[PDB]
Amino acid sequence: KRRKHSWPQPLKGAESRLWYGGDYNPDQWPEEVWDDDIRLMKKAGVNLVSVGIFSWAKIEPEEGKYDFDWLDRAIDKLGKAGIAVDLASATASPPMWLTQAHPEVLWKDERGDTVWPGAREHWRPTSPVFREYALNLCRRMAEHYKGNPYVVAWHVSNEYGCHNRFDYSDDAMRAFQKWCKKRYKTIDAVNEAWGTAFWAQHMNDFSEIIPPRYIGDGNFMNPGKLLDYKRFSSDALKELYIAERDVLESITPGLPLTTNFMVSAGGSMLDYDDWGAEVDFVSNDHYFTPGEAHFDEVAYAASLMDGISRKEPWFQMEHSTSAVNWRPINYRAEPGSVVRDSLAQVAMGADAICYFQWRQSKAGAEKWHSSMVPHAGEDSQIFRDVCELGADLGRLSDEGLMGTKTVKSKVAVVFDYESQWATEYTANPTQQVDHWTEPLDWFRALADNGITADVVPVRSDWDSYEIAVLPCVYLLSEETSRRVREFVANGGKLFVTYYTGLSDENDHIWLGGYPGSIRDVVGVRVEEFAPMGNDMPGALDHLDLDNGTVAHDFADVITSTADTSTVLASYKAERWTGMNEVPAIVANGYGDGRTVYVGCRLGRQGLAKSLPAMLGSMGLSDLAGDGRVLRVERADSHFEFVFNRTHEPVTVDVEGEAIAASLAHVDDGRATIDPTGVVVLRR
Amino acid sequence: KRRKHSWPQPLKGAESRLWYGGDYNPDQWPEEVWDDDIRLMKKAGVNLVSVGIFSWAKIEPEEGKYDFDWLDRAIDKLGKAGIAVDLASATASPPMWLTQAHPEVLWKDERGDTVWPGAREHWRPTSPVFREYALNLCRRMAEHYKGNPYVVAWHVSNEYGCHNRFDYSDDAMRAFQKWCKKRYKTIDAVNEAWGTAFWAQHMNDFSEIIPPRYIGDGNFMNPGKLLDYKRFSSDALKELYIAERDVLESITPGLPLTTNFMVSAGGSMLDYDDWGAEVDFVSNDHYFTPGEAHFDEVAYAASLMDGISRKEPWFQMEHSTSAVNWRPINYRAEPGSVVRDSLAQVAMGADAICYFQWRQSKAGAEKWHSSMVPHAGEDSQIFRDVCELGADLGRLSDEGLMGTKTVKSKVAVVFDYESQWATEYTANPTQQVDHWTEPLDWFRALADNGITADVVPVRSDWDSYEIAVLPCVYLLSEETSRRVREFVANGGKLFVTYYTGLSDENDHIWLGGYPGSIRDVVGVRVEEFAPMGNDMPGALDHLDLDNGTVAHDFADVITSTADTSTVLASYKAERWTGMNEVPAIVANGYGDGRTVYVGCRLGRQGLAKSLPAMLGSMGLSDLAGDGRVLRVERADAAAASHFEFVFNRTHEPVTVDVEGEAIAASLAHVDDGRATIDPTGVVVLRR
């Protein structure tokens, strides 16, 4: 069911190398400028660029008229310079002539208001009119470029669902109704799934399924329907991508196809693990979070990408050299980030490193988004760094890094797109809790304890690891619940947190005490929750634990533990709160395995501090190591990538021959690595 | 180009006195109250009121039916009492019969939702049918009141664009299409200006230009288009005002016309410098900012008005005696504000002082807005201050203040409405930075150093000043860039800050290092920005400078400086940030001039502390002074006679040296050349 892995191949006369480059948009610059791009690209070690992504209005400037010459010239200029082309379908966003002639392609928001042109991606995922136009352009691009010697892959569309994830038009309403019929078969199944006995929502047939349109601010949508609308929206965009991909493939067999994902700790527009089955190689867009989380979350996202790709080499389609344009405050990246963040992505399995974008735009909505050639030009620290990185990727290529894979960790941290979606409902126990923050917190706390985890999607093989973490995995089906029992019974070591296994996949609650489907594995029983916050005078805002850590946002009221369990920590609180001496962290044995249940949100800091005790109870005291650096390994040969995780230079022992270094010095088996520094070793 | 300055003239062709009064709405009160109004106006020294401003529904109660008699009688009563009338066109807001009959006049928001009656100004600036109705009323008003001996000016409409600056209806679509054709001539030029090669936005003809309508929350409009839509929206309202002005004038030639602007530090609904060319006298509405900025920003805004009026006497059409109605918390003004804020406006060149409004409303949306006669009545501190101020304006009139002009400062602080509009785009380096805060910060910091600046619109003559400041002037066209270059080369002393000259007039980036069009003038090169804030844990929220100030919000990463420059200050920071020892304040010599580049936001306090060293580098240490007070002077041509206005800027009484004869004082006194001024106090001297 997964497509066979197929990676973009070198140009004639060229050898196999790490791909390096970024989005390139010659149609935004006078043709005169292109020769300068080629000169700077060669200087930087660029060998691949992605072209034509938003070029629909240039390629088809009016309906039924096509203009390829400019693009043929650009591609030829790149190719004869030894730079390969990842060619877009150009179907990311339609021209004004198209939308003026066919306003029915525009998506509608919850209130039924039309979303107009003015920005990008303003089209309905289920519009048959838009699909027709897109497939036409796909056919004509593929027919024109099928003989081109410089094209090495297809970049289908761009970031499906970045702006048009949700549509509430009648096209969407009809498509959702059909999607529900496919999923549930009978209207009574839908009624039971969504619990429509409540609030007189019973439906007599599929015409009575309407999308989660506007219901008045502050009012509460049917949560089953809302969750399914997210599943449906991801499937709808997926079916369109499949159609475009198949048209391109029909005309250019043997050219690998991808589309760019938006995988980040807090990004959940689509079920990207599901989508990963539909590409020839998985590719990602990731932009750093400014501040204290910058490095760790870059590493985390790249690890999840390696999980999505099932440890096959994957493609970093976009990231930024420094500031983006779209945040309330676009902080710059710390000096060193260009090489460092990129080599983190390589460490986590990327065999291609690309940026948005090659040359910083001088006009338009993204002119303030950093690029490889800044507004300042080639005399810039960023461009010097871009050049250093290209040379580094060349050296890693000479060393044969291509095709190696990131080693299997002893620990898997589970991520679940659908659980994230379930946690987004507005009448959960607290709207402060999303699934997504917990696996990040665990990844980081494990790293503080010198352990590099793999981030593994819930449908993938986390139960083949020695140790795994279920961090706020809100949904657990009976099937997943069974995988959990067997994982532990067979000798696995499993961490489980609050907000795990509250409901099944239809968001029906597992009754009898939380977590209702696996409470006998973890040996705790929760009767009630105690959310915390600062929005109510005198309400509970934190809970100290007796192990020197502090819970925030959420705590389980654990009222019994198994006779096989050990309480590792308990809350301390004023008596009237009822939370004093309630168990907070509980260890258990079950079959041949061990669990630790963490009944509250402890964050990176509290988890990191609690980990020695928790690992101890599991028989894993020997696992901990040096948390000042992250150590990431690829192997077919072993390559170790070592990153300073702190704000001060650190010295650590390193084995092997240093083959790359940025802001770091290796001498006599020891590396002094500056903040934002990295060393790469081979042996 | 500019209209010849024409000032409202006194009743009976007598002496031109300082005008004093406010908005007057007899149609809101039973007629017995009108006689009470007259008694109290006389006691207060009121000599001018503005009437009929929102009276459309009373004057034209049904289509083509007119009821003038109440207004005729009110104007007669006023004039016989010696009180002049500033007559409105009454076209500010339409009656229910009009909007009920013609829903198509109502403006539409970005989502296409109709904005209904229920408040005011709910009409599309480019509606042809509303224009027909407005011009008809203008004509009927002018024909009826022509030759009235008590009417001294026209108050055209009211605050254009206060509520209807933006319309997204099809009338606006058509008008914006024509406006783009006028500006750019060809669709190729529009495409080039807006950089439409990006995101497949290329347009084949002018029918493919649509207004910046709803694109979904959190999405990014074409910034060239958004900026031009603000230009267009200002121009569209200006064209309507010009049409109303022209009809009125064609019927009552010689009667001076104005419309009331909304000039304040943070106000930018329209390009008010552009609009200033279209009125016979420039008039403003300004309402104090509660808290620590109160006095300084009153002074600033009035200075900017004097800039817009090119130093011609101007008209304070509205302000508040105390609290307004429209803030989340309507703080009252400090006692003394009635006289003090009004005399600050006079000091900055106003020959008329008026309030919204004469009598506090007992009903309606603005009943909680303070007024000259409070709900409390004539027995109130506010009415007593109102009477004191009227008496003071009488005394200043006796001393011949009218017609003098605010003296030219040694420093011009530059303000650019269009730069403010550009900084409003939502995908800039940081959305915390607006152009408008910086010129205010510099004005206050200069005042802290005993210097009263002129606030000067960018198209005006700042390059004729000894010293000028470009404070976050985000846009610099080629033309303005040349003026900067010549200004410095010829001996001008120039301050330039971060967020200046990033782009040309169509928001195209000047390439090669910021500020891309004048980096050789200031002798610095910026490769990237280091914005700062408190919204991301662990990101920088500040940078200490090595001169004992602290930057917030934004810092330039200066990576080189010219051979002729001198670093006056640099950042101190943790090494990992990359900002340690990066230059923060850099002086340069360029031709016979001097510059200082300030690459970060230092605020009033940091700028005030840094100014002595900065001025020093320009060769100007002697420009210092006592910042406890603001001194503002007016003078006649020949600079024969001088008037000095002195304001306490602090919270304790101050005593300062003053030359000349005291002619007015509030919460203050002058004795043998020493002015003792209480907080919120003011003295006025004649030399």
# chains A, B, ... in the order shown; residues from 1 in each chain; ligands from 1
call {"tool": "residues_around", "arguments": {"residues": "stretch 347-349 of chain B", "least_positions_apart": "3", "cutoff": "8 Å", "atoms": "only C-alpha atoms", "output": "PyMOL selection string"}}
result
chain B and resi 299+302-303+306+311-314+343-344+404-406+632-634+644-645
call {"tool": "residues_around", "arguments": {"residues": "stretch 308-313 of chain A", "least_positions_apart": "4", "cutoff": "7 Å", "atoms": "only C-alpha atoms", "output": "list in words"}}
result
residues 273, 276, 282, 304, 349, 350, 351, 403, 405, 406 and 457 of chain A
call {"tool": "write_last_selection", "arguments": {"atoms": "C-alpha atoms", "output": "CSV table (one decimal), in the first residue's frame"}}
result
chain,number,residue,atom,x,y,z
A,273,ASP,CA,1.6,9.7,8.5
A,276,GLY,CA,3.4,9.5,3.8
A,282,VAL,CA,8.7,12.2,2.0
A,304,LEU,CA,9.1,12.7,13.4
A,349,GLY,CA,17.9,11.2,8.1
A,350,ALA,CA,17.5,13.9,5.5
A,351,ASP,CA,19.5,13.3,2.3
A,403,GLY,CA,21.5,6.2,2.0
A,405,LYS,CA,19.8,5.6,8.0
A,406,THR,CA,19.2,7.1,11.5
A,457,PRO,CA,3.6,7.8,14.7
call {"tool": "closest_atom_pairs", "arguments": {"of": "chain B", "to": "chain A", "cutoff": "7 Å", "atoms": "only C-alpha atoms", "output": "JSON lines"}}
result
{"residue": "B:111", "atom": "CA", "partner": "A:113", "partner_atom": "CA", "distance": 6.4}
{"residue": "B:194", "atom": "CA", "partner": "A:364", "partner_atom": "CA", "distance": 6.7}
{"residue": "B:195", "atom": "CA", "partner": "A:363", "partner_atom": "CA", "distance": 5.2}
{"residue": "B:197", "atom": "CA", "partner": "A:28", "partner_atom": "CA", "distance": 5.3}
{"residue": "B:198", "atom": "CA", "partner": "A:364", "partner_atom": "CA", "distance": 6.4}
{"residue": "B:199", "atom": "CA", "partner": "A:54", "partner_atom": "CA", "distance": 5.2}
{"residue": "B:200", "atom": "CA", "partner": "A:57", "partner_atom": "CA", "distance": 5.1}
{"residue": "B:201", "atom": "CA", "partner": "A:95", "partner_atom": "CA", "distance": 6.2}
{"residue": "B:202", "atom": "CA", "partner": "A:57", "partner_atom": "CA", "distance": 6.1}
{"residue": "B:203", "atom": "CA", "partner": "A:96", "partner_atom": "CA", "distance": 6.4}
{"residue": "B:208", "atom": "CA", "partner": "A:96", "partner_atom": "CA", "distance": 6.4}
{"residue": "B:212", "atom": "CA", "partner": "A:118", "partner_atom": "CA", "distance": 6.4}
{"residue": "B:213", "atom": "CA", "partner": "A:116", "partner_atom": "CA", "distance": 6.5}
{"residue": "B:214", "atom": "CA", "partner": "A:115", "partner_atom": "CA", "distance": 5.8}
{"residue": "B:215", "atom": "CA", "partner": "A:115", "partner_atom": "CA", "distance": 4.8}
{"residue": "B:216", "atom": "CA", "partner": "A:115", "partner_atom": "CA", "distance": 5.9}
{"residue": "B:219", "atom": "CA", "partner": "A:119", "partner_atom": "CA", "distance": 6.9}
{"residue": "B:220", "atom": "CA", "partner": "A:119", "partner_atom": "CA", "distance": 5.7}
{"residue": "B:221", "atom": "CA", "partner": "A:119", "partner_atom": "CA", "distance": 5.3}
{"residue": "B:222", "atom": "CA", "partner": "A:365", "partner_atom": "CA", "distance": 5.5}
{"residue": "B:223", "atom": "CA", "partner": "A:365", "partner_atom": "CA", "distance": 5.9}
{"residue": "B:224", "atom": "CA", "partner": "A:364", "partner_atom": "CA", "distance": 7.0}
{"residue": "B:427", "atom": "CA", "partner": "A:325", "partner_atom": "CA", "distance": 5.0}
{"residue": "B:428", "atom": "CA", "partner": "A:368", "partner_atom": "CA", "distance": 6.2}
{"residue": "B:429", "atom": "CA", "partner": "A:330", "partner_atom": "CA", "distance": 5.5}
{"residue": "B:430", "atom": "CA", "partner": "A:329", "partner_atom": "CA", "distance": 4.4}
{"residue": "B:431", "atom": "CA", "partner": "A:328", "partner_atom": "CA", "distance": 5.4}
{"residue": "B:507", "atom": "CA", "partner": "A:363", "partner_atom": "CA", "distance": 6.9}
{"residue": "B:508", "atom": "CA", "partner": "A:363", "partner_atom": "CA", "distance": 5.1}
{"residue": "B:509", "atom": "CA", "partner": "A:362", "partner_atom": "CA", "distance": 4.9}
{"residue": "B:511", "atom": "CA", "partner": "A:375", "partner_atom": "CA", "distance": 5.2}
{"residue": "B:512", "atom": "CA", "partner": "A:376", "partner_atom": "CA", "distance": 4.0}
{"residue": "B:513", "atom": "CA", "partner": "A:376", "partner_atom": "CA", "distance": 4.2}
{"residue": "B:527", "atom": "CA", "partner": "A:376", "partner_atom": "CA", "distance": 5.5}
{"residue": "B:529", "atom": "CA", "partner": "A:332", "partner_atom": "CA", "distance": 6.8}
{"residue": "B:530", "atom": "CA", "partner": "A:332", "partner_atom": "CA", "distance": 5.5}
{"residue": "B:531", "atom": "CA", "partner": "A:331", "partner_atom": "CA", "distance": 5.2}
{"residue": "B:532", "atom": "CA", "partner": "A:331", "partner_atom": "CA", "distance": 6.6}
{"residue": "B:536", "atom": "CA", "partner": "A:291", "partner_atom": "CA", "distance": 5.8}
{"residue": "B:537", "atom": "CA", "partner": "A:291", "partner_atom": "CA", "distance": 5.5}
{"residue": "B:538", "atom": "CA", "partner": "A:291", "partner_atom": "CA", "distance": 4.3}
{"residue": "B:539", "atom": "CA", "partner": "A:291", "partner_atom": "CA", "distance": 3.9}
{"residue": "B:576", "atom": "CA", "partner": "A:675", "partner_atom": "CA", "distance": 5.9}
{"residue": "B:577", "atom": "CA", "partner": "A:334", "partner_atom": "CA", "distance": 5.8}
{"residue": "B:578", "atom": "CA", "partner": "A:335", "partner_atom": "CA", "distance": 6.0}
call {"tool": "closest_residue", "arguments": {"among": "A:595, A:1, A:197, A:541", "to": "residue A:615", "atoms": "only C-alpha atoms"}}
result
A:595
call {"tool": "select_by_dssp", "arguments": {"residues": "stretch 147-296 of chain A", "states": "helix (DSSP H, G or I)", "output": "ChimeraX atom specification"}}
result
/A:170-184,187-193,198-200,206-208,223-251,272-278,294-296
call {"tool": "residues_around", "arguments": {"residues": "stretch 420-431 of chain A", "least_positions_apart": "4", "cutoff": "7 Å", "atoms": "only C-alpha atoms", "output": "count of residues only"}}
result
7
call {"tool": "residues_around", "arguments": {"residues": "residue A:653", "least_positions_apart": "6", "cutoff": "7 Å", "atoms": "only C-alpha atoms", "output": "ChimeraX atom specification"}}
result
/A:669-671
call {"tool": "write_last_selection", "arguments": {"atoms": "N, CA, C and O atoms", "output": "PDB file, in the first residue's frame"}}
result
ATOM      1  N   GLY A 669      40.468  13.767  20.614  1.00  0.00           N
ATOM      2  CA  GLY A 669      39.287  13.022  21.030  1.00  0.00           C
ATOM      3  C   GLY A 669      38.278  13.817  21.857  1.00  0.00           C
ATOM      4  O   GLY A 669      37.363  13.237  22.455  1.00  0.00           O
ATOM      5  N   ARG A 670      38.443  15.134  21.904  1.00  0.00           N
ATOM      6  CA  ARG A 670      37.489  15.989  22.620  1.00  0.00           C
ATOM      7  C   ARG A 670      37.042  17.161  21.774  1.00  0.00           C
ATOM      8  O   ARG A 670      37.841  17.753  21.058  1.00  0.00           O
ATOM      9  N   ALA A 671      35.759  17.501  21.855  1.00  0.00           N
ATOM     10  CA  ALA A 671      35.217  18.604  21.070  1.00  0.00           C
ATOM     11  C   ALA A 671      34.792  19.690  22.024  1.00  0.00           C
ATOM     12  O   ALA A 671      34.084  19.422  22.991  1.00  0.00           O
TER      13      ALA A 671
END
call {"tool": "closest_residue", "arguments": {"among": "A:6, A:169, A:672, A:506", "to": "residue A:225", "atoms": "only C-alpha atoms"}}
result
A:506
call {"tool": "decode", "arguments": {"residues": "stretch 23-51 of chain B", "atoms": "N, CA, C and O atoms", "output": "PDB file, in the first residue's frame"}}
result
ATOM      1  N   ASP B  23     -18.856  72.697  19.203  1.00  0.00           N
ATOM      2  CA  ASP B  23     -20.019  72.119  18.567  1.00  0.00           C
ATOM      3  C   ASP B  23     -21.263  72.495  19.364  1.00  0.00           C
ATOM      4  O   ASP B  23     -21.306  72.338  20.595  1.00  0.00           O
ATOM      5  N   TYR B  24     -22.285  72.953  18.651  1.00  0.00           N
ATOM      6  CA  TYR B  24     -23.536  73.346  19.282  1.00  0.00           C
ATOM      7  C   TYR B  24     -24.710  72.641  18.597  1.00  0.00           C
ATOM      8  O   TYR B  24     -24.822  72.669  17.371  1.00  0.00           O
ATOM      9  N   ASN B  25     -25.567  72.005  19.394  1.00  0.00           N
ATOM     10  CA  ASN B  25     -26.665  71.206  18.858  1.00  0.00           C
ATOM     11  C   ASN B  25     -28.014  71.526  19.478  1.00  0.00           C
ATOM     12  O   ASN B  25     -28.576  70.705  20.218  1.00  0.00           O
ATOM     13  N   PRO B  26     -28.537  72.725  19.165  1.00  0.00           N
ATOM     14  CA  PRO B  26     -29.846  73.151  19.660  1.00  0.00           C
ATOM     15  C   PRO B  26     -30.947  72.165  19.258  1.00  0.00           C
ATOM     16  O   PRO B  26     -31.971  72.123  19.943  1.00  0.00           O
ATOM     17  N   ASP B  27     -30.759  71.390  18.185  1.00  0.00           N
ATOM     18  CA  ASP B  27     -31.809  70.440  17.798  1.00  0.00           C
ATOM     19  C   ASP B  27     -31.941  69.269  18.783  1.00  0.00           C
ATOM     20  O   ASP B  27     -32.905  68.492  18.726  1.00  0.00           O
ATOM     21  N   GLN B  28     -31.007  69.175  19.722  1.00  0.00           N
ATOM     22  CA  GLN B  28     -31.083  68.149  20.761  1.00  0.00           C
ATOM     23  C   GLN B  28     -31.799  68.574  22.028  1.00  0.00           C
ATOM     24  O   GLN B  28     -32.000  67.755  22.924  1.00  0.00           O
ATOM     25  N   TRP B  29     -32.189  69.842  22.121  1.00  0.00           N
ATOM     26  CA  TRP B  29     -32.714  70.365  23.376  1.00  0.00           C
ATOM     27  C   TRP B  29     -33.969  71.181  23.109  1.00  0.00           C
ATOM     28  O   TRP B  29     -34.107  71.756  22.025  1.00  0.00           O
ATOM     29  N   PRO B  30     -34.882  71.239  24.094  1.00  0.00           N
ATOM     30  CA  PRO B  30     -36.084  72.083  24.011  1.00  0.00           C
ATOM     31  C   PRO B  30     -35.664  73.538  23.843  1.00  0.00           C
ATOM     32  O   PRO B  30     -34.580  73.913  24.304  1.00  0.00           O
ATOM     33  N   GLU B  31     -36.483  74.361  23.191  1.00  0.00           N
ATOM     34  CA  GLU B  31     -36.013  75.704  22.862  1.00  0.00           C
ATOM     35  C   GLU B  31     -35.721  76.589  24.072  1.00  0.00           C
ATOM     36  O   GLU B  31     -34.882  77.485  23.983  1.00  0.00           O
ATOM     37  N   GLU B  32     -36.367  76.341  25.207  1.00  0.00           N
ATOM     38  CA  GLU B  32     -36.064  77.156  26.387  1.00  0.00           C
ATOM     39  C   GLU B  32     -34.578  77.070  26.774  1.00  0.00           C
ATOM     40  O   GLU B  32     -34.003  78.025  27.320  1.00  0.00           O
ATOM     41  N   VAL B  33     -33.956  75.932  26.470  1.00  0.00           N
ATOM     42  CA  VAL B  33     -32.554  75.714  26.784  1.00  0.00           C
ATOM     43  C   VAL B  33     -31.681  76.631  25.931  1.00  0.00           C
ATOM     44  O   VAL B  33     -30.582  77.007  26.335  1.00  0.00           O
ATOM     45  N   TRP B  34     -32.166  77.016  24.752  1.00  0.00           N
ATOM     46  CA  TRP B  34     -31.345  77.833  23.875  1.00  0.00           C
ATOM     47  C   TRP B  34     -31.036  79.192  24.510  1.00  0.00           C
ATOM     48  O   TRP B  34     -29.950  79.733  24.330  1.00  0.00           O
ATOM     49  N   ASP B  35     -31.995  79.746  25.248  1.00  0.00           N
ATOM     50  CA  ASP B  35     -31.766  81.030  25.913  1.00  0.00           C
ATOM     51  C   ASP B  35     -30.789  80.879  27.085  1.00  0.00           C
ATOM     52  O   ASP B  35     -29.974  81.772  27.363  1.00  0.00           O
ATOM     53  N   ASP B  36     -30.856  79.737  27.751  1.00  0.00           N
ATOM     54  CA  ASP B  36     -29.880  79.387  28.772  1.00  0.00           C
ATOM     55  C   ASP B  36     -28.486  79.240  28.125  1.00  0.00           C
ATOM     56  O   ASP B  36     -27.486  79.708  28.694  1.00  0.00           O
ATOM     57  N   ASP B  37     -28.413  78.615  26.943  1.00  0.00           N
ATOM     58  CA  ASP B  37     -27.129  78.490  26.220  1.00  0.00           C
ATOM     59  C   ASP B  37     -26.500  79.855  25.947  1.00  0.00           C
ATOM     60  O   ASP B  37     -25.281  80.044  26.135  1.00  0.00           O
ATOM     61  N   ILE B  38     -27.325  80.799  25.490  1.00  0.00           N
ATOM     62  CA  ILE B  38     -26.829  82.136  25.149  1.00  0.00           C
ATOM     63  C   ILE B  38     -26.259  82.853  26.378  1.00  0.00           C
ATOM     64  O   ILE B  38     -25.181  83.457  26.312  1.00  0.00           O
ATOM     65  N   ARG B  39     -26.983  82.779  27.490  1.00  0.00           N
ATOM     66  CA  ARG B  39     -26.533  83.398  28.735  1.00  0.00           C
ATOM     67  C   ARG B  39     -25.160  82.860  29.110  1.00  0.00           C
ATOM     68  O   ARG B  39     -24.213  83.625  29.375  1.00  0.00           O
ATOM     69  N   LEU B  40     -25.040  81.533  29.074  1.00  0.00           N
ATOM     70  CA  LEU B  40     -23.814  80.857  29.477  1.00  0.00           C
ATOM     71  C   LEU B  40     -22.683  81.033  28.471  1.00  0.00           C
ATOM     72  O   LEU B  40     -21.523  81.185  28.860  1.00  0.00           O
ATOM     73  N   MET B  41     -23.000  81.046  27.182  1.00  0.00           N
ATOM     74  CA  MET B  41     -21.971  81.355  26.198  1.00  0.00           C
ATOM     75  C   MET B  41     -21.363  82.743  26.421  1.00  0.00           C
ATOM     76  O   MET B  41     -20.148  82.923  26.298  1.00  0.00           O
ATOM     77  N   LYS B  42     -22.194  83.726  26.750  1.00  0.00           N
ATOM     78  CA  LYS B  42     -21.673  85.078  26.978  1.00  0.00           C
ATOM     79  C   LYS B  42     -20.743  85.105  28.173  1.00  0.00           C
ATOM     80  O   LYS B  42     -19.688  85.741  28.128  1.00  0.00           O
ATOM     81  N   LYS B  43     -21.135  84.404  29.235  1.00  0.00           N
ATOM     82  CA  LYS B  43     -20.343  84.347  30.452  1.00  0.00           C
ATOM     83  C   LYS B  43     -18.990  83.680  30.185  1.00  0.00           C
ATOM     84  O   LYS B  43     -17.979  84.048  30.788  1.00  0.00           O
ATOM     85  N   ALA B  44     -18.978  82.723  29.254  1.00  0.00           N
ATOM     86  CA  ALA B  44     -17.778  81.939  28.957  1.00  0.00           C
ATOM     87  C   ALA B  44     -16.879  82.607  27.942  1.00  0.00           C
ATOM     88  O   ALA B  44     -15.773  82.124  27.679  1.00  0.00           O
ATOM     89  N   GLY B  45     -17.358  83.690  27.335  1.00  0.00           N
ATOM     90  CA  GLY B  45     -16.593  84.370  26.300  1.00  0.00           C
ATOM     91  C   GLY B  45     -16.565  83.623  24.979  1.00  0.00           C
ATOM     92  O   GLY B  45     -15.641  83.788  24.162  1.00  0.00           O
ATOM     93  N   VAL B  46     -17.587  82.796  24.755  1.00  0.00           N
ATOM     94  CA  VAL B  46     -17.716  82.081  23.495  1.00  0.00           C
ATOM     95  C   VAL B  46     -18.099  83.078  22.409  1.00  0.00           C
ATOM     96  O   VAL B  46     -18.992  83.921  22.609  1.00  0.00           O
ATOM     97  N   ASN B  47     -17.432  82.991  21.269  1.00  0.00           N
ATOM     98  CA  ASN B  47     -17.752  83.871  20.137  1.00  0.00           C
ATOM     99  C   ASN B  47     -17.966  83.127  18.819  1.00  0.00           C
ATOM    100  O   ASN B  47     -18.146  83.757  17.764  1.00  0.00           O
ATOM    101  N   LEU B  48     -17.937  81.794  18.864  1.00  0.00           N
ATOM    102  CA  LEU B  48     -18.126  80.971  17.662  1.00  0.00           C
ATOM    103  C   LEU B  48     -18.611  79.587  18.037  1.00  0.00           C
ATOM    104  O   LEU B  48     -18.080  78.968  18.951  1.00  0.00           O
ATOM    105  N   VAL B  49     -19.628  79.106  17.332  1.00  0.00           N
ATOM    106  CA  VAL B  49     -20.101  77.739  17.515  1.00  0.00           C
ATOM    107  C   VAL B  49     -20.266  77.078  16.147  1.00  0.00           C
ATOM    108  O   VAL B  49     -20.427  77.767  15.124  1.00  0.00           O
ATOM    109  N   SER B  50     -20.212  75.749  16.117  1.00  0.00           N
ATOM    110  CA  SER B  50     -20.353  75.008  14.863  1.00  0.00           C
ATOM    111  C   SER B  50     -21.677  74.235  14.920  1.00  0.00           C
ATOM    112  O   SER B  50     -21.878  73.396  15.802  1.00  0.00           O
ATOM    113  N   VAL B  51     -22.589  74.564  14.013  1.00  0.00           N
ATOM    114  CA  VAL B  51     -23.964  74.072  14.125  1.00  0.00           C
ATOM    115  C   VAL B  51     -24.369  73.256  12.913  1.00  0.00           C
ATOM    116  O   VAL B  51     -23.848  73.451  11.801  1.00  0.00           O
TER     117      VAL B  51
END
